[PDB]
Every structure is written in structure tokens, then in C-alpha cells.
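S.K.: Sequence first, structure after, both from an experimental entry:
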Amino acid sequence: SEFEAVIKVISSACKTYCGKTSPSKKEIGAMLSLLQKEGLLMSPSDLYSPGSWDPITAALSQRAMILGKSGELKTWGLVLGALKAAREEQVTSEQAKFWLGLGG
């Protein structure tokens, strides 16, 4: 499954761009698993695409208000910070070229 690999990747990004606090792999999975259940993420890689970021935020916000469940929103806040960091701080395609180069 794409799923447990995406947890790895995200967990990597947070250790690097996640200043201070960082979330647990349990917490990241919880976020992801919910997002799949709620029908937002069709595949867990779709979360890297920025198209999805505003929608997610909105939806996890609703959840904190309506159902009083904010744990996953907190995760997403940390996580998104890392994604944006990473997008600004690097050239996207060059960083990918590097990874596939190592692949052999």
C-alpha cells in the first residue's frame, strides 16, 4: 500500500522542516486514515498536491467544531507547515531528480 510509505515520507519531512514539535507516526496515520474515510483523499499521495490543502484545512476545521475532535487538525497544521517550508526552501524537480538518481 501507498499508505505506510506516505507516513514514512511525511515523517521524514517533519523531522527536517518540522521545527520544534513534531508528530508521531500513529498521529499521521490517524489523520490520513480519517481523510480516506471522509472521502477527501482517494489515494494518500494526493495529499502532497497543493490542490488539496485548502479543502483539508476546511474539513478538519469543521470536524473540530461540529464533533469537538481536533487531534487530527493539530497534526495537519504541523504537517502542512512542513510541506510549505519544503516547497519554498527547495526546487521541486531538482530534489526529485536527486532521489531517482540514487535509485539505480
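M.R.: Okay, I see it. Numbering: from 1, shown residues only.
S.K.: the longest helix in this protein is where?
M.R.: Ranked by residue count, the top helix of the chain under DSSP state H comes out as helix 71-89.
S.K.: packing partners for that helix?
M.R.: helix 2-17, helix 25-37, helix 53-66 (3 or more CB pairs under 8 Å, 6 or more residues apart in numbering; DSSP states H and E). No exception for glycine: its C-beta is placed from N, CA and C like everyone else's.
S.K.: buried ones in the first one?
M.R.: Within helix 2-17, the residues that qualify as buried by neighbour count (16 or more other CB atoms under 10 Å) are 6-7, 10-11, 13-14, 17.
S.K.: Tell me which residues are up against it.
M.R.: With CB atoms under 8 Å, 6 or more residues apart in numbering as the test, helix 2-17 has contacts from 22-23, 25, 28-29, 32, 43-45, 47, 78-79, 81-83, 85-86, 89.
S.K.: picking up where we left off before, between helix 71-89 and the helix or strand that the longest helix of the chain is followed by, find me the angle.
M.R.: Going down the chain from helix 71-89, the next helix or strand is helix 92-102, by DSSP states H and E. Going by axes from the mean of the first three to the mean of the last three CA atoms, to 10 degrees, helix 92-102 is angled at 90 degrees with respect to helix 71-89.
S.K.: Fine by me, we can end here.
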